[PDB]
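Heads up: the sequence lines are chains A and F, in that order. Going by the deposited numbering, the first sequence wraps up at 131, each residue one higher than the last. Going by the deposited numbering, the second sequence wraps up at 267, each residue one higher than the last. A virtual CB, placed ideally from N, CA and C, is assigned to each residue, including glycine.
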Amino acid sequence: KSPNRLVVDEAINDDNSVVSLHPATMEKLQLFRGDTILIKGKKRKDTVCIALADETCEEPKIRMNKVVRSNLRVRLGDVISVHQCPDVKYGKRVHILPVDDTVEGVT
Amino acid sequence: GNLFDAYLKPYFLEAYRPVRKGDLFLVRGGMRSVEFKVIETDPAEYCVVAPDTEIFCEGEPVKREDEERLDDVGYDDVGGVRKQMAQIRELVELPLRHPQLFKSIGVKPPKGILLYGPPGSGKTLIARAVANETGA
Ligand SMILES: Nc1ncnc2c1ncn2[C@@H]1O[C@H](COP(=O)(O)OP(=O)(O)NP(=O)(O)O)[C@@H](O)[C@H]1O
Ligand SMILES: [Mg+2]
């Protein structure tokens, strides 16, 4: 039992960076709205996402889209840990590539 | 018999028609269609037939040599269906002729087509025409 352990659920917004948390839980954890946080799930995967306020959600739950859940290897009903990380730094360079199966054809 | 005056002379007498070596042209008459292959032309492979031009058709029949039957069913052998045939063409010709583009786009076109109508209205004819026109 910890204040940062929350049960994942379906989200409203489909963006891959927005994560909505109940304002009560954010105030409990002292989290600034629109700031960066880190989420850890199963195995050893973790992600960095920007949090936002959503009174619709419940305190013991957090809402994420399928992209973030896939990155975390967590299905619905699992529990994830959230940690404040406002010290995130802007990146000078990012090397990104597509996937073969999804990009088949179009070039 | 005298195929020349029967078929070719009416076909060339009026209009000055272009001709190219190796090409087959279709002449309709006598309840049948006859395909004539241009064995040779002068002064070059491309020529224009004129009234004074000589026509030689005393040779033996020539083999088809992998040529397609010009009497095969096509869109010109189907009548009374222009809207339906247009729909069928728009559904079929685009993917079959250009499957690479469709598989690259990612959109899934329909595959199930059902031609329903009274007997004698086509259906079998339309499918053969589409197949022959698309080569599928
Ligand atoms: N719309 C049409 N235009 C031109 N010729 C046609 C047309 N409909 C029928 N015919 C001719 O009539 C023949 C017989 O009709 P066809 O379309 O082959 O039968 P069907 O519709 O397949 N019969 P069924 O499958 O028992 O309902 C054709 O092969 C053509 O020679
Ligand atoms: Mg039939």
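Check: Three-state class that DSSP yields for F:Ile219 in the structure shown; Outcome: helix
Check: Limits of the beta strand (DSSP E) - the one that A:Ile36 falls within; Outcome: Note, A:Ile36: premise wrong, no beta strand (DSSP E); not H, not E.
Check: Ligand 1 heavy atom lying under 6 Å from the CB of F:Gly251; Outcome: yes
Check: Pairwise C-alpha distance: A:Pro110 and A:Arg87; Outcome: 20 Å
Check: CA nearest to the CA of F:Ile170, picked from F:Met162, F:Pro141, F:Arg195; Outcome: F:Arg195
Check: Buried or exposed (CB count within 10 angstroms, at least 16 for buried), A:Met50; Outcome: buried
Check: Segment limits, beta strand (DSSP E) that includes A:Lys67; Outcome: Note, A:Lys67: premise wrong, no beta strand (DSSP E); not H, not E.
Check: F:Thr255: CB within 6 Å of a non-hydrogen atom of ligand 2; Outcome: yes
Check: Amino acids of chain A, ordered along the chain, whose beta-carbon sits closer than 7 Å to that of F:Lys234; Outcome: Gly129
Check: Which of helix, strand or coil DSSP assigns to F:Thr265; Outcome: helix
Check: Where F:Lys214 sits in the DSSP three-state scheme; Outcome: helix
Check: Spatial distance of F:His229 from F:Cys188 (CA atoms); Outcome: 42 Å
Check: C-alpha gap between A:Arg99 and A:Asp33, whole angstroms; Outcome: 9 Å
Check: Span separating the alpha-carbon of F:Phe156 from that of F:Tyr206; Outcome: 18 Å
Check: F:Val261 CB to nearest heavy atom of ligand 1 below 6 Å; Outcome: no
Check: Nonlocal neighbours in the same chain, by C-beta distance under 6 Å from A:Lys64, ignoring five residues either side; Outcome: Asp70, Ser105
Check: Spatial distance of F:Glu176 from F:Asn133 (CA atoms); Outcome: 26 Å
Check: Contact check, A:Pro84 vs A:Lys52, beta carbons under 7 Å; Outcome: no
Check: Endpoints, the beta strand (DSSP E) within which A:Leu45 is located; Outcome: 42 to 45
Check: Within 7 Å, strictly: CB atoms of A:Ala77 and A:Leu55; Outcome: no
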